[PDB]
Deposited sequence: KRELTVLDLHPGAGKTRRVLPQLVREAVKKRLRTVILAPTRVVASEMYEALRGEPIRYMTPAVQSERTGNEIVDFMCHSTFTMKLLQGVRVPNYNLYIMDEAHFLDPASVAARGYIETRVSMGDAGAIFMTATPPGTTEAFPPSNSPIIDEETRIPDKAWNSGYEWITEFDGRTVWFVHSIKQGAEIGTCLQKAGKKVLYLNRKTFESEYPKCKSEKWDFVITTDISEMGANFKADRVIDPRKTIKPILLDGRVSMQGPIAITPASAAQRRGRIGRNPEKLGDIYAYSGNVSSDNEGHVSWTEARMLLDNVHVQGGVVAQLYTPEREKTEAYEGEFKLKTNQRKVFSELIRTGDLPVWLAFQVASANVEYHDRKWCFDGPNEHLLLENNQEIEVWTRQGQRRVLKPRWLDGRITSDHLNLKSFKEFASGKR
């Protein structure tokens, strides 16, 4: 039937209350259903909320549940995916290109009349409110926030008896801020994609004064906190002159800012909660490779009885690509899908390699580019050791700034270039 968008503000219980209602209805109506979580952590949260329900996690069951990226990767790999009657997408504002492609694919099956869909999120695509409702009033305090260690000033930060979640634009920024806070006698927990599964539980089992987080905590994380500090900065990959570069710190989106603030003001009986913020929000993000990458994904997804999925309607404004531009042949597509899935390469970079007819196991492109593609970290080249073992430096045929944007990306690419994956 229909694509229903339910805007439900942070704390409204999308997962804990609304999702079970939706599931019970779909089970009763005998609708063949998929539930799409943005992350593995949300996935487990949903599981807990949905115990007893006949759900298939990725008896008999007509309801499946998996991540956005799993969904669109299955579609890319051409492994059969059910012709679901109902698609429920959680956190449908998520800008990960796999989420953007899933939206477009889902809206297509709806427009073709194969299915109905429900998109859930506080901040629907096309909408722009940085200060959504909350369970309890939030004090919004525009203020000056340090971007680095400080020796003096900023006493509003440290003279605070409650718990604060501070969003940083990078793991690196988090280390320098967190360390300054620890030197000031504060107990800090660091949350990023490396540290999350072990450190996040500690937010419940330990006493803490600050959580220093990257944007990983914008959706997957519930804190019992009194304050969020949010400089509203990110670093984003921008496509320019046939290469991807990290540009920032730049303003975050209204959706992200709403998610960040949405960490507090969630107990109806608790009034003191503060959102201490600085800077603007921005929807000017067409330069972000993310949108190009969505099209690279979607151009390579088959739709039975239909044609190339366009992006979700309010997101079509984000790209100027023509239908089928990024479509690959069968074998290039396999390479492309595995460069992403197993290689852990960013989508745009995987695309460059695959469309150049490079085979998946052939890593020579990681070393034989022009000198202008010499990768640097801490201002120095990165010497690696391939499968045979002698002196090569990282210098890819195609330049994607994400390779060296943090230590997790760099280590993953060194492993890839060495032929480990």
Deposited residues without C-alpha coordinates, grouped into stretches that follow sequence order = 1, 60-68
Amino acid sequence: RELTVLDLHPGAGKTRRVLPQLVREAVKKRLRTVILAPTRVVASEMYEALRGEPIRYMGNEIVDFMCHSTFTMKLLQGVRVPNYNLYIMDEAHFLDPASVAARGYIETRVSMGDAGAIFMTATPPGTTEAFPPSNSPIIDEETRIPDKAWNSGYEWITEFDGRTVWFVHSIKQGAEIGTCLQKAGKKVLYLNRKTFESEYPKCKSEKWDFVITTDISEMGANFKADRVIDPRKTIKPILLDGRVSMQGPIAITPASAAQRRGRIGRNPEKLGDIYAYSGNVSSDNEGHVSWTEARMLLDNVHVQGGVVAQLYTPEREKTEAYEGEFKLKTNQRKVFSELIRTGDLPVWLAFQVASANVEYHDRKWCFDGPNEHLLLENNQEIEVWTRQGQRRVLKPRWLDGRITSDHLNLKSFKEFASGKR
From here on, numbers count along this sequence of modelled residues.
Which of 43-51 and 62-70 has higher mean CA B factor, as the PDB entry lists it = 43-51
Comparing 351-359 with 27-35, the one whose average Cα B-factor in the PDB entry is higher = 27-35
Selection from 256, 214, 128, 134 [criterion: highest C-alpha temperature factor in the record] = 128
Deposited CA B-factor, highest of 322, 277, 94, 156 | 322
Report the third (lowest, middle or highest) to which the CA temperature factor of residue 149 belongs, ranking only the modelled residues of the same chain.
-> middle
Grab the CA temperature factor for residue 304 from the record and place it in the lowest, middle or highest third of its chain.
-> highest
Third of chain Cα B-factors occupied by residue 395 | lowest
Among the chain's modelled residues, which third holds the C-alpha B-factor of residue 114?
-> highest
Here the Cα B-factor of residue 204, set against its chain, lands in the third termed highest
